[PDB]
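First comes one chain, alone, set out as structure tokens in the form deposited in one PDB entry.
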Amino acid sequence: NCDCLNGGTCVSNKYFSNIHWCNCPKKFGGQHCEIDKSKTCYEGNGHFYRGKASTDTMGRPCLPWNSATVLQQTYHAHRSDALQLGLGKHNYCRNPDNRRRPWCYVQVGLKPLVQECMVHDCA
């Protein structure tokens, strides 16, 4: 019920429509303390990847999972499991569908496109 993850006791305020948010740990970020600020490498499938990696293999930037276009696609930040998935308001390599390594949608010419991302794993 109190949304957060990792460390992150959650906090609210009676004055402002009792809105709730997270007080976050040193190594964490995000609305819900979800983003992992430290972690460089990925951990396997890269499914549980959280850290903040923006670009991809060709050097191009990921579109934000909350962007108007990525909202057309199958994986976006408006979906019920978005928190669980690691899909926030950001452009970070993520592997929600259990593909090989983490990816993200990347604007190429006129269409969003999956692109295997940067970020080597531990190896």
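Whichever C-alpha set is largest while still superposing within 1.5 Å between the two forms counts as the rigid core. Numbers follow the displayed sequence, beginning with 1.
The form deposited in another entry is left out here; the points below concern that form.
With the core superposed, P112 shows a C-alpha displacement below 2 Å between this form and the one not shown. In a rigid-core overlay of the protein, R99 has its C-alpha displaced by under 2 Å between this form and the one not shown.
Legend note: Cα of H78 to Cα of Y15 is at least 3 Å farther in the other form than in the depicted form.
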